[PDB]
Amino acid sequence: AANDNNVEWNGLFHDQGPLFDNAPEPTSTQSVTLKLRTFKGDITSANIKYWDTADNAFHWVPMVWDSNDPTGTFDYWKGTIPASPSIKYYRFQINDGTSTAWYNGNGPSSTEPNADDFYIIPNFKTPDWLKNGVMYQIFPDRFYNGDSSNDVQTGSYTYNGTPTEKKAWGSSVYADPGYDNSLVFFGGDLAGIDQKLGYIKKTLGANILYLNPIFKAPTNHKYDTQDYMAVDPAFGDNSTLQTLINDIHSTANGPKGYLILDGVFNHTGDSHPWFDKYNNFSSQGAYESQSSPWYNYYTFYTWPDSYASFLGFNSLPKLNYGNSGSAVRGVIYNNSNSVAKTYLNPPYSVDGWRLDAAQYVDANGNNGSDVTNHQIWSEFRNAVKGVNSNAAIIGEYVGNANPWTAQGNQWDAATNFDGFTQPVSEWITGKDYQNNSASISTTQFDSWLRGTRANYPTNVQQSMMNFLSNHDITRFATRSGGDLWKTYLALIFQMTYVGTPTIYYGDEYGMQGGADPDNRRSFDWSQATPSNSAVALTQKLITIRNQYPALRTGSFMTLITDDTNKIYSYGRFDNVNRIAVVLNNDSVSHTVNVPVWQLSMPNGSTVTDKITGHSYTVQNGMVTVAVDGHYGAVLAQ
């Protein structure tokens, strides 16, 4: 508010949204112009300090006043970082007389930060459809039986001395005596998904489907791959897949769609012919002979019974990637007929891969998270983007996936357990995604989100897979104790946050389910109608997100973190829209005075709460709205 030897943190702001960065994903020849907000006439000077990897040294860029905002409450200072192909990191030093403050990915700070700087990664690009879309994850056998003929009957075949069991739709997933939970088949197939595309792309509005493993394998989940080149018979054939894909891409049944498949490349099943532990093929697998033409595809500590695998499971033998140019790297991604390229090239042309157990991929039985692992994912990116520059690569990882993203040479994003799923679960349900006691306050929730977003470059942030639940954790509906309102609150946050909203089939209507396999129940189609509370809401929220680009690629600013009333408010905004989201995590309603002036919403202007449909007028830079307990408001203009 004045030159008083004091920098006012509350007026400061910067992130890589359109209002503050003119080149979020620049090439080697494009310079980056940055803008820093501050209260009007609050400072005397500001400087951009960036580290250049080409140089291994810091560089200084003095900023200059640029303009005021429409309300005349803030100033905007600007400075430009020169164009080059090198990766750079930056922070701001802000001065008002004898007062200095710093600011970077983690926000304001009195002392100079050493971590969490903003990222500039020349030529790094993540597909924009991923940034702007809504994903729907489907576990094939449990979504919808489109063709009951290809169904696996209770006794169709045996695996490791066990018959497969068919269950009636709606039945419990747990196997009956004499059977195994990994061999229970409810009947869902690709044909079904194809027939329910209308529900997916219209009723709900999602434009991206992500399917759990669909290739030939003996189990329910099918992560124990037997043949990467063939759609498993229980789901259909490769022609079925091609028809599904065509209908997904079609714009005659709704919005243009995108298909992402699960790529299990760290290991194969023990029944794959390269290994052939049960001798299901005339050929000789690695387990069968040390003279096998694929012996070197695996790592044996004591041939043939002790070998490298996924988390000690003997049914999942770990592939040996060797050095660059190896046969394994060839059949997985380098060869034209490899697994990755096959489905990315016509007649399939899928749109991306979700990398199962990505962190472990390595050579010689080692456990990844090393030089070799990253070199492999680097070669993987070149192979993929070489076929389709718009194909997405999302790696599975439960923590900070910075190591596979921040260099802009590996994945486009990752499964956001650490930056979305966990924090949300603990704030709303008082439990972690495992269903164990773990609760955080509103201030901790906000801190958690900011810290995790800071781990990633902005384009990676906008491409993260944000799901409330999935096939490896407990259902949100169960962690919430069956309280639908908690689901309401979660959906609203999900559809308005930074990252790709991902709906784990069933979650949109409150489906319950405990730990695997209880988290893989069949889909009750009598609940998949707007007549259902959660569904109607999901459809509305998806419509809201698709209506406002600020929700997908706009800036993010915290507006309120009230621990007593449990009120969380944040804004999403770009050059066109300004949206203030108000969430009520309490068990009783609260009337909140939203500080929309922080988003520069003009006084006397109006906003509409997209959740209730009610309209309001900005008075004294505020918006007073009564929000019901465990519910929210989306105030936009």
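All residue numbers are counted from 1 along the displayed sequence.
Averaging C-alpha B-factors over each stretch, which comes out higher, 532-540 or 160-168?
Per the PDB record, 160-168.
Where do the C-alpha atoms have the higher mean temperature factor in this entry, in 178-186 or in 286-294? Per the PDB record, 178-186.
**Asked** Of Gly105, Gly395, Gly430, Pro82, which one's C-alpha B factor is largest in the deposited record?
**Response** Spelled out: the listed residue with the top C-alpha B-factor is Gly430.
Discussion item. I'd like to know which of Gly257, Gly146, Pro127, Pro501 has the highest C-alpha temperature factor in the PDB entry.
Written reply: Across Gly257, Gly146, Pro127, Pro501, the entry lists the biggest C-alpha B-factor for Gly146.
What third of its chain's C-alpha B-factors does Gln195 belong to: lowest, middle or highest? CA B-factor rank for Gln195: highest third.
Exercise for the section: Would you mind ranking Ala438 by its C-alpha B-factor against the rest of the chain and naming the third, lowest, middle or highest? Expected result: As the PDB entry reports it, the C-alpha B-factor of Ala438 lands in the highest third of its chain.
CA B-factor ranking of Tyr90, expressed as a third of its chain
CA B-factor rank for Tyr90: lowest third.
Check: How does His249 rank on Cα B-factor within its chain, lowest, middle or highest third?
Finding: Its C-alpha B-factor belongs to the middle third of this chain's values.
Using only modelled residues of the chain, where does the Cα B factor of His221 rank: lowest third, middle third or highest third? Tercile = highest for this residue's CA B-factor.
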